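Novice: Quick one, structure for this:
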Amino acid sequence: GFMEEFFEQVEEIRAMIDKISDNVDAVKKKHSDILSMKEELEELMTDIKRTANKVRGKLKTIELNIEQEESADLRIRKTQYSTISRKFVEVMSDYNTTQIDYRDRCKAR
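Specialist: Numbering: from 1, shown residues only. Find the structure here:
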């Protein structure tokens with residue numbers, strides 16, 4: 001039952017990753033309105049830091065199980081580990097922008 005499980009675990013990292021993406025989207029609007037609540041923002045930003053790290057771990061578990069177990073049910077995992085993993089760096093890149101260099105930057109072309 002290593003493979004039936006490995007999906008339920010992946011679909012967890014998956015729906016976690018949406019919670020965190022759905023989240024950046026509120027720390028996007030909410031943050032803007034401010035620039036033009038103070039608590040609502042610091043809360044959102046903390047889930048995203050934490051819930052990320054949860055995900056960053058459920059990933060090492062996977063990275064590591066694959067690695068040690070190095071088939072066809074394998075070749076699936078290694079793939080999913082990459083997909084999942086990318087959609088993470090995507091949500092986490094997206095966010096890393098939203099904050100640092102202000103929403104709506106006017107700076108030239």
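Novice: Helices along the chain, start to end?
Specialist: For the chain, the helices identified by DSSP state H occupy 2-34, 38-68, 73-100, in order along the chain.
Novice: List the buried residues in stretch 66-86.
Specialist: Of the residues in stretch 66-86, those with enough neighbours to count as buried (16 or more other CB atoms under 10 Å) are 77, 80, 81, 84, 85. Backbone N, C-alpha and C define where each C-beta goes, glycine included.
Novice: Stretch 35-52 now?
Specialist: The neighbour-count check on stretch 35-52 (16+ other CB under 10 Å) flags 44, 45, 48, 52 as buried.
Novice: Include distance to residue 90 when you put the residues you listed into a markdown table, please.
Specialist: Formatted as a markdown table, the entries for these read as follows, by distance: CB to CB, whole Å:
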| residue | distance to residue 90 |
| --- | --- |
| 44 | 18 |
| 45 | 18 |
| 48 | 14 |
| 52 | 12 |
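Novice: so, if you compare the residues you listed, which one comes nearest to residue 11?
Specialist: For these, the closest approach to residue 11 (CB to CB) belongs to residue 52, at 17.6 Å.
Novice: Surely the closest one and residue 19 touch.
Specialist: No: taking contact to mean CB atoms under 8 Å, the distance of 10.1 Å between residue 52 and residue 19 leaves them out of contact.
Novice: just how off-centre is stretch 28-43 within its chain?
Specialist: Average the C-alpha atoms of stretch 28-43, do the same for its chain, and the two points are 20 Å apart (CA atoms, centre = their mean, to the nearest Å).
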